[PDB]
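What follows is one structure encoded as structure tokens, with my remarks underneath.
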Amino acid sequence: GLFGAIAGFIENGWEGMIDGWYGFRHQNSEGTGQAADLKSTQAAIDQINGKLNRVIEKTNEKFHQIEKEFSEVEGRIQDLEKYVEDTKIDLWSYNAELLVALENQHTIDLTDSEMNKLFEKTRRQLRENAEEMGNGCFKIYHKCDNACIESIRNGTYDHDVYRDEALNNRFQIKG
Amino acid sequence: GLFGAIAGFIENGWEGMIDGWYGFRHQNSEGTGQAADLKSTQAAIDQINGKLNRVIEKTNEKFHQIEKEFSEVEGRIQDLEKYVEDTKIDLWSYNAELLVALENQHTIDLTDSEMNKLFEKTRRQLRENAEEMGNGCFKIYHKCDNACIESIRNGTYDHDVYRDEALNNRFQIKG
Amino acid sequence: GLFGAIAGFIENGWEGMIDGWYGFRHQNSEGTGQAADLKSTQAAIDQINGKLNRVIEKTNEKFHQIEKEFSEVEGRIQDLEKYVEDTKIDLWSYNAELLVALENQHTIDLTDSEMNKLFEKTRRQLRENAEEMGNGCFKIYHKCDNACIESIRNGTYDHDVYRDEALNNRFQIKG
Amino acid sequence: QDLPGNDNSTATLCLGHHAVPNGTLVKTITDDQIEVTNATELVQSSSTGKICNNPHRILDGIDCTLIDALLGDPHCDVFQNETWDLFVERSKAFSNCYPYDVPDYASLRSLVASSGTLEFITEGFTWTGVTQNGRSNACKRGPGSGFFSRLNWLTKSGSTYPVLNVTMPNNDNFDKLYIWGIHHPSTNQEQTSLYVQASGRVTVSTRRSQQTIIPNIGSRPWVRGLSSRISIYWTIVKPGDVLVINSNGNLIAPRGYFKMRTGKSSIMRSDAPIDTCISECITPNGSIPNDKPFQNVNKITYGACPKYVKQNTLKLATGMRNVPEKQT
Amino acid sequence: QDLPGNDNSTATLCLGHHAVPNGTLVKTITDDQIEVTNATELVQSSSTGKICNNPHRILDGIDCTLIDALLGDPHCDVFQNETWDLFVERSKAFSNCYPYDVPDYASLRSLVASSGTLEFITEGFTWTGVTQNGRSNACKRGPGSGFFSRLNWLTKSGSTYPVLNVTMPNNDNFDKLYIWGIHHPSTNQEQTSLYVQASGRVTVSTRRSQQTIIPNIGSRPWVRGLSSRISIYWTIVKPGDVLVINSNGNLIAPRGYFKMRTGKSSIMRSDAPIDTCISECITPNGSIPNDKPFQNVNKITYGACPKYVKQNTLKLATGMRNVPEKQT
Amino acid sequence: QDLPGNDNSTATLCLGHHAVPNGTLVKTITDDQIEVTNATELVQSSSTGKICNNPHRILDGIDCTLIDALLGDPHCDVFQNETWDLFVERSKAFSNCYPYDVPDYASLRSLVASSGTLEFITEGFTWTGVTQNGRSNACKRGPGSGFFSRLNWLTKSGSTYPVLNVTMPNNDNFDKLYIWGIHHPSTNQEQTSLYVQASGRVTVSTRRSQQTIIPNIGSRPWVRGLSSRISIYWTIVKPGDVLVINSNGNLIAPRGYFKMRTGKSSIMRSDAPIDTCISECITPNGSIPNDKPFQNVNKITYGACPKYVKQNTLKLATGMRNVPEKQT
Ligand SMILES: *[C@@H]1O[C@H](CO)[C@@H](O[C@@H]2O[C@H](CO)[C@@H](O[C@@H]3O[C@H](CO)[C@@H](O)[C@H](O)[C@@H]3O)[C@H](O)[C@H]2NC(C)=O)[C@H](O)[C@H]1NC(C)=O
Ligand SMILES: *[C@@H]1O[C@H](CO)[C@@H](O[C@@H]2O[C@H](CO)[C@@H](O[C@@H]3O[C@H](CO)[C@@H](O)[C@H](O)[C@@H]3O)[C@H](O)[C@H]2NC(C)=O)[C@H](O)[C@H]1NC(C)=O
Ligand SMILES: *[C@@H]1O[C@H](CO)[C@@H](O[C@@H]2O[C@H](CO)[C@@H](O[C@@H]3O[C@H](CO)[C@@H](O)[C@H](O)[C@@H]3O)[C@H](O)[C@H]2NC(C)=O)[C@H](O)[C@H]1NC(C)=O
Ligand SMILES: CO[C@]1(C(=O)O)C[C@H](O)[C@@H](NC(C)=O)[C@H]([C@H](O)[C@H](O)CO)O1
Ligand SMILES: CO[C@]1(C(=O)O)C[C@H](O)[C@@H](NC(C)=O)[C@H]([C@H](O)[C@H](O)CO)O1
Ligand SMILES: CO[C@]1(C(=O)O)C[C@H](O)[C@@H](NC(C)=O)[C@H]([C@H](O)[C@H](O)CO)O1
Ligand SMILES: *[C@@H]1O[C@H](CO)[C@@H](O)[C@H](O)[C@H]1NC(C)=O
Ligand SMILES: *[C@@H]1O[C@H](CO)[C@@H](O)[C@H](O)[C@H]1NC(C)=O
Ligand SMILES: *[C@@H]1O[C@H](CO)[C@@H](O)[C@H](O)[C@H]1NC(C)=O
Ligand SMILES: *[C@@H]1O[C@H](CO)[C@@H](O)[C@H](O)[C@H]1NC(C)=O
Ligand SMILES: *[C@@H]1O[C@H](CO)[C@@H](O)[C@H](O)[C@H]1NC(C)=O
Ligand SMILES: *[C@@H]1O[C@H](CO)[C@@H](O)[C@H](O)[C@H]1NC(C)=O
Ligand SMILES: *[C@@H]1O[C@H](CO)[C@@H](O)[C@H](O)[C@H]1NC(C)=O
Ligand SMILES: *[C@@H]1O[C@H](CO)[C@@H](O)[C@H](O)[C@H]1NC(C)=O
Ligand SMILES: *[C@@H]1O[C@H](CO)[C@@H](O)[C@H](O)[C@H]1NC(C)=O
Ligand SMILES: *[C@@H]1O[C@H](CO)[C@@H](O)[C@H](O)[C@H]1NC(C)=O
Ligand SMILES: *[C@@H]1O[C@H](CO)[C@@H](O)[C@H](O)[C@H]1NC(C)=O
Ligand SMILES: *[C@@H]1O[C@H](CO)[C@@H](O)[C@H](O)[C@H]1NC(C)=O
């Protein structure tokens with residue numbers, strides 16, 4: 001959508017991630033593993049519920065109103081009764097149609113946004129020690145075992161701890 | 001608009017690009033060149049058409065309705081006939097005015113978005129071999145002939161092929 | 001909001017900045033200071049005023065209309081007079097409620113956007129001489145006195161002037 | 001730091017989002033079918049088929065319309081002094097008493113329907129010089145003839161029908177609804193036989209208003225053995241005002257007043273069964289749940305109900321775009 | 001990998017977007033004139049000036065209004081049994097027969113206009129004791145006097161006007177519309193000359209309804225030589241019901257029924273020329289194209305039309321912001 | 001290139017945004033209370049309590065309703081030939097002349113209210129054979145009896161009331177409003193005493209229309225000593241048409257016409273004080289400022305006013321989200 005992460009630079013979703021909406025898969029020293037990110041999952045869910053609750057906020061009640069079905073032909077006044085209701089229904093139908101269209105458009109950009117925010121947040125944290133492979137994966141240029149992967153995920157990763165190892169691996173090489 | 005590419009970090013448009021909405025101009029070992037990008041051009045156009053078609057979706061039809069012009073003065077009932085219609089017209093006019101305002105605001109941010117997505121996409125691909133001059137242009141730090149520029153454009157550029165040449169040119173220098 | 005700068009990667013606002021909406025705080029070898037950025041402050045303000053003025057654009061005027069309060073019980077026609085007005089008021093109330101909801105949602109994303117644009121703009125300018133500490137602050141890897149900080153702020157900073165000092169400080173170190 | 005930290009390996013971390021095998025199509029500002037992970041329906045399109053008798057007070061009219069229950073058709077005597085939040089009128093209802101017509105039937109049905117009560121107070125009208133309690137074999141009450149329970153048909157006494165001139169003050173602090181009528185004879189002979197004068201006249205007034213109706217002789221179609229008709233009229237008397245009934249023939253006199261109130265009552269035409277369940281929203285098709293914001297069951301509603309809409313489905317996306325990883 | 005690249009140079013790649021020299025201003029949530037590459041108008045503001053005669057069935061009323069075509073004014077005899085999707089009434093239409101007034105003209109014009117047919121079936125009413133086919137020199141049919149083709153003016157026979165009491169059953173399975181009337185004489189002499197009785201009376205009824213009208217003698221303004229008037233009334237008779245016409249003078253009798261239908265017909269007042277072209281949306285100003293969503297030509301429409309709006313222009317941006325490079 | 005000389009250090013630059021200690025909660029598509037730096041109210045919810053007498057022409061009706069000012073109740077003679085943009089009717093207004101009722105009071109009040117003028121032109125009607133200027137002690141003008149200034153009560157001369165047949169052409173180029181009436185006597189004796197004929201009749205007509213009203217004898221409730229009533233009727237006469245008044249008893253004759261216009265006038269029921277101030281929007285609760293887009297003071301308005309809304313507060317955020325350093 002607007003941010004171009006979902007159905008964008010991230011090629012496709014993971015039907016296998018059943019524990020959250022956004023998350024991490026890694027492949028490291030000890031093998032490959034997956035893990036949902038619960039903070040962005042909660043942020044997306046709360047916003048959609050908030051939006052949802054606003055839409056279901058109070059059905060107003062109405063009691064005696066006007067007749068809306070007639071069995072005899074009367075002319076002027078019954079023509080008006082019919083016209084007041086028909087123009088009421090078309091105006092409310094227009095409203096419902098436009099509301100779910102704006103709403104849905106926004107729900108797709110919002111969830112696009114949270115994906116992109118989680119990406120940017122991880123980018124920022126890895127600092128000079130990783131490079132973006134451009135498809136939503138980072139190449140981490142230093143040995144990063146499962147506890148290192150868990151610190152990136154739970155947001156306690158210290159880039160300094162690996163900076164010289166990483167900068168060496170990343171740049172030096174032979175050019 | 002929201003992304004700040006169009007009328008933002010990209011100072012102005014190219015009246016000379018007649019073959020697409022977004023695109024590339026380069027300078028390399030073999031000379032200068034311009035070329036439209038058709039994928040982002042199609043993405044922007046499809047979204048605007050989609051939006052457009054939804055707006056032109058079905059004129060509803062109406063047959064016998066109420067009188068809306070009167071030649072005699074009648075009082076209570078004709079006052080109502082006039083009030084039903086006048087409040088119908090103002091409600092539909094409000095709707096039309098708000099609809100094109102939301103629509104247009106969105107069309108300007110959407111096209112801003114596609115510009116920015118094309119930029120990010122190119123950024124990602126050049127990896128460690130280019131730097132952003134901050135005006136929507138990348139400084140590619142390695143020899144990149146017309147076929148190299150064509151591979152960035154058609155998205156097959158391999159950064160590895162030029163990484164050491166580029167990293168040398170880019171960093172080493174004398175500091 | 002959508003960009004995740006405000007109430008996002010930028011932890012919280014500064015109650016102390018009284019001279020503008022967005023701005024800079026620095027610490028260099030000559031001291032520490034604060035300064036509002038007036039261009040993004042004006043950009044946010046102009047957009048919100050533009051939005052505001054459109055909302056206060058023309059109260060339409062109405063003269064003779066229909067009776068809306070009645071003292072006797074009449075039946076069919078007075079039931080219609082009441083129904084025309086009650087459905088008019090609910091339609092205008094729906095409109096007002098939806099309008100300020102869309103409006104406010106957009107004002108929070110717009111101001112989020114300007115914060116993020118000012119960040120990106122500064123990022124772009126510092127080029128290879130600074131790194132993002134991930135919390136809205138850059139670590140400038142070269143000696144930058146108060147005139148240097150002023151040039152970043154007023155947008156005349158030349159990265160080349162400090163590039164080798166910075167690249168040395170930033171990379172070389174011991175890895 | 002360490003010493004020569006030599007282990008030159010790397011790691012890969014990829015961010016992604018979920019996807020589901022199934023997925024729902026929703027409309028958008030730019031697309032009218034785009035597939036999302038999950039959505040929720042916003043249009044209620046089905047009724048239970050039964051009018052829940054709770055929380056509102058449903059009064060089932062059975063084979064009485066509200067106006068016959070008001071007038072007091074023998075077969076609707078069940079409803080005297082009854083009350084309701086919603087009176088349901090059934091398609092099978094029938095009238096079975098003296099053929100009558102009500103000039104603005106539609107307003108009287110409304111006006112009673114939202115008052116919500118058929119509470120009747122009998123008042124001591126004194127009709128001097130006429131024969132009271134006239135009845136007809138087209139309005140059988142039990143084995144005998146009969147007439148509407150709430151109306152009093154006056155005819156001559158002996159050889160004269162005087163000019164009736166009665167008054168009844170509204171001394172209470174509420175409005176009083178009086179239902180009265182006029183008898184239209186088929187023949188001038190019928191007119192003189194019953195009312196002596198060859199031209200009747202009824203004038204009912206208050207300080208604020210007056211109605212004078214004169215009868216109209218002539219044959220109408222045979223309905224329950226009769227070609228005559230009676231037409232029904234109504235007068236509300238405000239606190240402190242006074243009713244004056246003045247007639248010289250053909251008056252179908254009131255026996256007292258219905259009292260009026262102000263409430264949330266209304267009437268509904270429906271053949272839906274009433275059933276025991278609680279439901280706030282009633283539709284002629286039966287109750288419906290007001291959990292969704294819009295409904296497509298019927299434009300006629302009573303109670304806390306979803307807004308009627310022409311659409312029968314509107315899905316609100318409650319999830320991200322579905323971009324499956326194969327689809328299984 | 002590769003060998004000495006003796007030269008090591010750089011390249012520059014710049015991304016950008018188009019711009020146009022021209023460009024259109026559009027409104028926005030935050031700006032009311034911002035310039036974009038391209039826009040499309042959403043308000044239709046011009047008519048062709050001609051009512052296309054296709055696809056709807058346009059019936060041009062020429063110099064007849066629909067009510068005179070219904071009643072059968074001699075000069076509108078062209079329209080007998082005619083049908084329409086839209087009857088166009090012209091400002092030039094004139095009446096040219098016995099001066100008449102229609103108590104709720106507005107409903108009778110509506111009710112006929114959407115029925116969409118003037119199909120008339122003559123029925124065998126038998127008027128015994130009166131002179132039929134009365135005519136007048138203010139309603140010339142050909143050289144002679146005449147009257148409305150669909151009405152039958154009864155006057156006395158010899159020295160008597162009896163009490164007419166006729167009935168006509170609705171045995172078909174459709175509703176029947178009966179148009180009838182009453183003659184208001186100018187003088188009591190005129191009354192007795194024509195109808196003998198010094199006070200006429202017309203009562204037309206069904207099982208469901210009744211109307212009794214009594215005439216009113218007095219001079220009205222001279223219209224086509226006359227000070228008398230006739231007032232027109234209507235009665236719909238449902239399948240299975242029965243019409244009873246009972247009168248004692250002044251009846252302008254029906255000659256049969258118009259049949260009623262239910263459709264998409266309506267009437268429109270317009271002096272626009274009908275022309276051959278297909279157009280779904282008709283406006284009193286002529287047809288307009290329903291390609292745009294909103295229109296500003298007229299609030300009166302028939303057919304598939306754009307929603308009328310007060311604005312005469314609303315541009316939808318169909319392109320990005322225009323940021324050109326030259327000066328102005 | 002640039003030569004450092006000696007120093008080796010770094011700097012830190014942080015970007016941020018303001019925050020305020022206070023802050024306002026606003027509603028959003030996704031939240032219904034989210035705190036922002038600043039907001040502006042969009043619903044006007046209070047009135048001054050006074051109707052500003054500027055810019056519209058307010059006419060305070062004091063203790064006259066507009067219909068009594070029209071008819072010319074003695075105590076409302078202050079309003080003759082008066083004009084207004086808004087006539088304010090007060091709850092204290094009272095009538096104090098011959099008891100009258102107006103069949104469609106509501107339309108006559110409307111029709112006069114938006115014409116905006118009580119300009120009366122007297123015309124030379126010649127009533128031959130009747131006694132003019134009848135008056136009553138229930139309509140005291142000064143010490144004496146009196147009647148409505150704009151109406152003329154005709155009674156018999158000597159022993160006869162002739163058939164009046166008068167005409168008045170509309171030769172001007174504007175519409176003329178004629179207010180006339182009929183007297184309903186309490187007793188047949190009163191009828192013959194005043195009008196000789198035992199049954200009156202009034203027929204007022206133009207080329208386009210006709211009204212015939214016949215009086216109705218009977219006792220109504222005592223109002224200012226009387227049981228009789230007069231009912232008020234109106235006829236508009238278009239340029240080039242002609243009024244013909246024909247009566248045989250009971251006519252309350254017009255004395256001329258009110259002229260009609262087309263404007264922005266209307267009437268308002270309000271006990272709010274008029275005061276000197278300029279205000280475009282008037283509410284029965286007093287004037288309100290139309291600076292905001294919506295208002296919650298009253299659904300009844302006159303002038304350039306905010307749109308009435310059920311909500312009493314709607315805040316538009318005019319600033320970013322408030323994320324303070326400490327708390328809120
Ligand atoms: C005026 O004309 C009407 C219509 O012709 C007359 O109405 C008809 O009157 C007869 C005799 O009263 C009715 O007959 C009865 O019908 C029922 C059902 O068929 C039957 O049970 C009785 O044995 C008898 O046949 C007939 O139904 C009725 N029809 C209608 C449509 O009303 C009326 O009598 C005439 N009145 C005068 C005073 O001339
Ligand atoms: C009641 O009063 C009205 C109004 O004064 C009388 O109406 C007028 O009657 C005369 C004589 O019939 C009409 O004269 C006609 O004038 C036309 C030309 O306009 C001419 O072509 C005819 O040959 C005839 O001379 C006059 O027009 C008519 N005016 C109006 C406004 O109706 C009416 O006659 C009186 N009736 C009685 C019974 O007193
Ligand atoms: C028809 O019946 C009505 C109601 O009974 C009669 O009305 C009443 O008539 C009397 C005598 O005129 C009125 O009395 C007068 O009342 C005033 C105010 O109290 C007082 O100043 C007089 O001295 C006298 O008492 C009484 O108010 C009036 N009531 C009503 C409700 O109208 C009417 O007179 C009867 N008419 C005939 C012809 O029988
Ligand atoms: C046809 O016979 C009856 C009837 O209806 O059964 C007998 C009944 O006792 C009589 N009641 C009175 C009060 O007169 C009634 C009227 O004469 C008739 O309805 C006038 O329309 O007629
Ligand atoms: C004025 O002369 C005429 C007319 O109109 O030409 C002659 C016509 O034969 C006559 N027709 C009948 C059925 O009586 C008619 C009426 O008497 C008159 O319209 C009553 O209003 O009067
Ligand atoms: C009761 O006495 C009065 C009155 O009203 O004061 C006397 C008054 O001179 C008289 N005026 C005329 C024109 O007759 C009036 C009518 O007779 C009465 O209102 C008919 O209803 O009666
Ligand atoms: C983050 O992960 C590392 C490795 O599991 C662990 O030691 C650390 O405590 C974690 N921190 C939090 C807040 O979970
Ligand atoms: C991309 O460009 C290079 C150089 O022209 C060419 O060899 C390559 O095949 C292109 N790939 C595609 C998919 O066009
Ligand atoms: C930017 O700041 C530097 C240091 O104060 C100053 O010399 C320069 O002129 C400034 N430029 C502008 C445009 O203010
Ligand atoms: C789909 O959305 C609705 C509303 O948010 C929710 O009740 C439902 O559980 C969701 N479905 C799934 C599979 O999460
Ligand atoms: C109806 O209620 C009133 C008021 O309590 C009472 O006097 C009257 O007798 C009741 N009648 C019936 C039939 O319930
Ligand atoms: C509800 O009732 C109406 C009229 O009885 C019918 O046309 C409609 O289809 C019904 N809808 C549902 C959901 O029952
Ligand atoms: C402008 O937009 C309309 C609708 O999208 C399109 O038909 C038209 O061709 C566009 N103009 C140009 C120059 O592309
Ligand atoms: C009108 O149509 C009916 C029904 O077919 C027919 O009997 C009648 O004679 C027609 N009359 C004319 C004038 O067309
Ligand atoms: C359409 O007709 C109306 C009334 O005839 C006129 O006021 C209006 O200006 C016309 N508009 C157009 C576009 O013809
Ligand atoms: C809050 O917003 C309103 C409208 O923009 C403005 O008049 C007011 O001054 C603002 N408050 C502050 C403290 O800026
Ligand atoms: C009312 O105005 C008219 C027209 O100028 C005038 O002839 C008439 O005498 C005025 N009457 C009063 C009482 O002002
Ligand atoms: C305005 O007046 C109405 C009726 O007089 C009253 O109910 C309402 O509360 C008043 N509102 C204000 C703001 O004065």
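The way I read the labels, and the way they are meant: chains A, B, ... in the order of the structure tokens, residue 1 as the first residue of every chain, and ligand 1 as the first ligand shown, with later ones counted on from there.
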> Do you know which residues are at most 10 Å from stretch 283-294 of chain E counting only C-alpha atoms, after dropping those on the same chain fewer than 6 positions away, and could you put them as an MDAnalysis selection string?
Replying inline: (chainID B and resid 55:60 92:93 96) or (chainID E and resid 40:53 88 268:275 277 300:314)
Compute the set of protein, DNA and RNA residues whose minimum atom distance to ligand 5 is at most 6 Å, using only C-alpha atoms and all ligand atoms, and state it as a compact mmCIF listing (two decimals) with C-alpha atoms, in the first residue's frame.
# COMPACT_ATOMS: atom_id res chain seq x y z
CA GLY E 134 -75.67 17.28 -22.81
CA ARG E 135 -73.22 19.62 -24.58
CA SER E 136 -72.20 23.25 -24.62
CA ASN E 137 -71.13 25.85 -27.04
CA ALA E 138 -68.04 26.56 -24.96
CA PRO E 185 -75.08 26.44 -11.95
CA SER E 228 -71.10 28.12 -14.36
>> Neighbouring residues of residue C:104 were defined as those with any atom within 7 Å, considering only C-alpha atoms; residues of the same chain fewer than 3 positions away were excluded. Please report them as a ChimeraX atom specification.
In response: /C:100-101,107-108 /F:28,316-317
> Suppose you want the space between atom CA of residue C:148 and atom CA of residue C:164; what is it in Å?
Replying inline: 16.0 Å
Would you list the residues that come within 10 Å of ligand 4? Count only C-alpha atoms and all ligand atoms and give the answer as a compact mmCIF listing (two decimals) with N, CA and C atoms, in the first residue's frame.
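Contents of selection_1.txt, as written:
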# COMPACT_ATOMS: atom_id res chain seq x y z
N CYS D 97 -68.99 -4.88 12.26
CA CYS D 97 -70.02 -4.11 12.94
C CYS D 97 -70.61 -3.12 11.93
N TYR D 98 -71.32 -2.07 12.36
CA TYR D 98 -71.98 -1.13 11.47
C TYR D 98 -70.98 -0.58 10.49
N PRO D 99 -71.18 -0.65 9.16
CA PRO D 99 -70.23 -0.13 8.17
C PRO D 99 -69.89 1.35 8.41
N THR D 131 -83.85 8.82 22.11
CA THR D 131 -83.70 7.44 22.53
C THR D 131 -82.23 7.08 22.43
N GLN D 132 -81.61 6.63 23.52
CA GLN D 132 -80.18 6.27 23.54
C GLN D 132 -79.94 4.83 23.18
N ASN D 133 -78.67 4.45 23.05
CA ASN D 133 -78.23 3.07 22.89
C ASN D 133 -78.74 2.34 21.69
N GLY D 134 -78.98 3.05 20.59
CA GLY D 134 -79.41 2.40 19.35
C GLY D 134 -78.42 1.30 18.92
N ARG D 135 -78.89 0.18 18.40
CA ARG D 135 -78.01 -0.85 17.94
C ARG D 135 -78.43 -1.44 16.61
N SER D 136 -77.65 -2.33 16.03
CA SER D 136 -77.92 -2.80 14.69
C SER D 136 -77.57 -4.25 14.59
N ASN D 137 -78.28 -4.93 13.74
CA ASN D 137 -78.03 -6.33 13.56
C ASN D 137 -76.79 -6.59 12.76
N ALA D 138 -76.16 -5.57 12.18
CA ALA D 138 -74.86 -5.78 11.53
C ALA D 138 -73.71 -5.72 12.52
N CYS D 139 -73.99 -5.43 13.79
CA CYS D 139 -72.99 -5.34 14.83
C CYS D 139 -73.50 -6.16 15.99
N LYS D 140 -73.59 -7.47 15.78
CA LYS D 140 -74.15 -8.37 16.77
C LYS D 140 -73.36 -8.40 18.07
N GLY D 144 -77.91 -10.67 20.36
CA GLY D 144 -78.66 -9.50 19.97
C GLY D 144 -77.93 -8.62 18.99
N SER D 145 -78.57 -7.54 18.64
CA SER D 145 -77.94 -6.54 17.82
C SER D 145 -76.88 -5.89 18.68
N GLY D 146 -76.16 -4.89 18.26
CA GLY D 146 -75.21 -4.21 19.12
C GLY D 146 -74.65 -3.07 18.32
N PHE D 147 -73.70 -2.38 18.87
CA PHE D 147 -73.10 -1.26 18.21
C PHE D 147 -71.69 -1.15 18.78
N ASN D 152 -72.55 6.05 21.10
CA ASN D 152 -73.92 5.96 21.59
C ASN D 152 -74.87 6.49 20.53
N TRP D 153 -75.63 5.63 19.81
CA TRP D 153 -76.47 6.04 18.69
C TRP D 153 -77.82 6.59 19.16
N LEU D 154 -78.05 7.89 18.92
CA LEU D 154 -79.25 8.53 19.35
C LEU D 154 -80.22 8.61 18.19
N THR D 155 -81.47 8.30 18.52
CA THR D 155 -82.60 8.37 17.60
C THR D 155 -83.72 9.14 18.30
N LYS D 156 -84.83 9.43 17.62
CA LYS D 156 -85.93 10.21 18.20
C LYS D 156 -86.60 9.56 19.39
N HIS D 183 -74.44 9.63 11.25
CA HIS D 183 -75.03 8.53 10.49
C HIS D 183 -75.58 9.06 9.18
N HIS D 184 -75.16 8.45 8.07
CA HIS D 184 -75.61 8.82 6.76
C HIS D 184 -76.68 7.83 6.39
N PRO D 185 -77.98 8.18 6.36
CA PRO D 185 -79.05 7.26 6.02
C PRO D 185 -79.09 6.94 4.53
N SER D 186 -79.70 5.83 4.12
CA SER D 186 -79.80 5.53 2.70
C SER D 186 -80.90 6.27 2.00
N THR D 187 -82.02 6.51 2.70
CA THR D 187 -83.21 7.09 2.10
C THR D 187 -83.72 8.22 2.96
N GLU D 190 -85.66 6.83 5.73
CA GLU D 190 -84.83 6.41 6.87
C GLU D 190 -84.45 7.62 7.73
N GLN D 191 -84.11 8.73 7.08
CA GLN D 191 -83.74 9.93 7.79
C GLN D 191 -84.87 10.37 8.70
N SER D 193 -87.63 8.75 9.66
CA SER D 193 -87.99 7.71 10.59
C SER D 193 -87.12 7.81 11.82
N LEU D 194 -85.80 7.90 11.64
CA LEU D 194 -84.90 7.92 12.77
C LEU D 194 -84.75 9.28 13.43
N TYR D 195 -84.54 10.33 12.66
CA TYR D 195 -84.18 11.63 13.23
C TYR D 195 -85.24 12.74 13.06
N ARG D 224 -72.87 -5.85 5.15
CA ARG D 224 -73.54 -6.50 6.26
C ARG D 224 -75.02 -6.14 6.36
N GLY D 225 -75.68 -6.19 5.20
CA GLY D 225 -77.10 -5.92 5.14
C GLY D 225 -77.45 -4.46 5.04
N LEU D 226 -76.50 -3.53 5.11
CA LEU D 226 -76.85 -2.14 5.10
C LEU D 226 -76.30 -1.32 3.94
N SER D 227 -77.01 -0.27 3.55
CA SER D 227 -76.51 0.71 2.60
C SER D 227 -76.19 2.01 3.29
N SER D 228 -76.46 2.13 4.59
CA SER D 228 -76.13 3.35 5.28
C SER D 228 -74.68 3.26 5.72
N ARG D 229 -74.11 4.33 6.25
CA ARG D 229 -72.74 4.34 6.72
C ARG D 229 -72.68 5.23 7.92
N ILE D 230 -71.68 5.11 8.77
CA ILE D 230 -71.49 6.19 9.72
C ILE D 230 -70.06 6.69 9.48
>> Would you mind listing, as a list in words, all residues of chain F that have at least one atom within 8 Å of chain D, where only C-alpha atoms are what counts?
In response: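 Selected residues: residues 101, 216, 218, 219, 220, 221, 222 and 223 of chain F.
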>> List as an MDAnalysis selection string the protein and nucleic acid residues lying within 6 Å of ligand 16, with only C-alpha atoms and all ligand atoms counted.
In response: chainID F and resid 38:40 318
>> as a VMD selection string, please: every residue in stretch 48-266 of chain E that a backbone DSSP assignment puts in strand (DSSP E).
In response: chain E and resid 51 to 54 58 to 60 86 to 89 100 to 101 120 to 122 130 to 134 136 to 141 144 to 146 151 to 156 164 to 169 176 to 184 201 to 205 210 to 213 229 to 237 242 to 249 251 to 254 256 to 259 266
>> Restricting the calculation to only C-alpha atoms: of F:261, F:315, F:56, F:90, which residue gets closest to chain B?
In response: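 Of F:261, F:315, F:56, F:90, the one nearest chain B, counting only C-alpha atoms, is F:261.
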> What is the atom 13 (C, counted along the ligand's line) of ligand 9-atom CA of residue E:327 distance in Å, reported with one decimal?
Replying inline: 22.7 Å
> If we count only C-alpha atoms, which residues of chain E reach to within 9 Å of chain A? Please list them as an MDAnalysis selection string.
Replying inline: chainID E and resid 104 106:111 236
